[PDB]
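Below are two forms of the same protein chain, given as structure tokens: structure 1, then structure 2.
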Structure 1
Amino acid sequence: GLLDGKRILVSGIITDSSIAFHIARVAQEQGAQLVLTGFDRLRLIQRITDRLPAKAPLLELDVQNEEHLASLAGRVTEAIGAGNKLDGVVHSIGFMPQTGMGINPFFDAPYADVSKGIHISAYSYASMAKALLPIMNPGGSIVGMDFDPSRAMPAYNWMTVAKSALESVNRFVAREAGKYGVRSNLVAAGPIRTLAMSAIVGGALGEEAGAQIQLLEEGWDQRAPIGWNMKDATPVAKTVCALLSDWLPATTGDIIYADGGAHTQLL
């Protein structure tokens, strides 16, 4: 298995359509031993993760909670056993208040909302690395989830800004992680029909936002030389596993695009 014997923390499972659910599933299929972290609805997440091919301890982690972070590494050490360290960390956490997205005018997002979004979506990549690098093995890998923010787009608004911040954070995290013999990288995924995405497409953030995202999705598959299946998170999970593996050992502070190649094509 690709991740045989590796111990890997996977954050960001909330439903069985979470990208992190698929990351966790593929990692397990590939021999990894997981510790999961979950935000807020731990009973729900436990029930969801019961469906993973293997049992995995689930730890509460609200990335905005200083104490959760301060206790994180001890709790993980408790879960994987004293003397054992993590080989991988998957950050699959993102949030932006509604005012920072969709048809709420870009200018109308109050900074408190944007800040909370950037906190959860960007800064927490650094928070997590800070918490976990002390308990990571040399040759370890931190992976976060990105959505290519190099160009502006409708609807994603301040979440795109948050991702721009995240990409910058990742480069700094790589500098820190390198001290530990650890890589830090993002996977920039194509659009995936998670519950939230489906809700946006269905107009939850305004009809025009829904229409634009639908157009975005369609254009993505069109541009993607190998196509893009927004209903299938597996290619993205595999890519995350690729980075968690020993097979990209010279790649760090970097972004791997698991988007069907859409970003390399204009039309």
Structure 2
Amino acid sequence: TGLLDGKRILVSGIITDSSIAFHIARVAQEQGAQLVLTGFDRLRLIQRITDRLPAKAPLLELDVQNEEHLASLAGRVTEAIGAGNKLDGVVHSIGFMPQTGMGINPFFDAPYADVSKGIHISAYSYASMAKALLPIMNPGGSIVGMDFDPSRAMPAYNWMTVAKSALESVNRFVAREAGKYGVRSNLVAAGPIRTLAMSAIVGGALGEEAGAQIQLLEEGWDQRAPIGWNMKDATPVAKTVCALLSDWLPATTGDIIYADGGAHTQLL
């Protein structure tokens, strides 16, 4: 009776109740999904946060840079959902980039070690998770990652833009591997959403003027989006992710769905 009814889905990337992952988790559960959650580093906090989700779901630790976490991942998921059950869905909502690689910090000044950390967490880990989880996914399954359209450069996004371009390429190759399991792999390219990560970043760049520029970003995005855009609401993005986790897009893989109000299809 729900869009994701009877589906077991892993969701990564909850850190705050504003996280896009949190809303993906909320909407999936509203649509009848049974979730496993993964969290990085602050697991007591994430536990308290996810108490506020509609239903109780098991939380597993996963630092995508930790090889041991990746190697034990499938075993721990299987334990969490019960032996014999497989995942129908996997959500990658994970991103990171050192401040040097962001903002008004000069593009040329980011040291490779910083960039490389960012790309490891933001792009490579999409292949890492897929590698760890594909052997426990059902045919008809769906892996989804979060994207921010990096086809053109822009202020501030800097090296994360580069990491997303890498992510887009990784996704196309994940699809080749995933297809062997009858599993789809796609990205959702979202417009700007007022998550705490989003606001910290622009705030890290512009400081005292960050609040104003954020309101201006919202105005510009809403104007260019033919159906408009609400930065305060992650629901449309979360629904798009759930659509890809459902069986209603069975012939789409290696691809990118734009949940950005249609802004990227307009010049002005």
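Reference numbering: structure 1, starting with residue 1. Only residues modelled in both forms are compared. What we label the rigid core is the largest C-alpha set whose atoms superpose within 1.5 Å from one form to the other.
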From 70, 44, 226, 215, residue displaced between the two structures - CA threshold 2 Å or more, rigid core:
215
Examine residue 31 after superposing the rigid core and state whether its CA is displaced by 2 Å or more between the two structures.
no
Any chance the CA of residue 202 moves 2 angstroms or more between the two structures, core superposed?
yes
How many angstrom apart are the two C-alpha positions of residue 12 between the two structures, if you fit on the rigid core?
0.2
Superpose on the core, then tell me which runs of at least 3 consecutive residues have all their CA atoms shifted by 2 Å or more between the two structures.
199-218
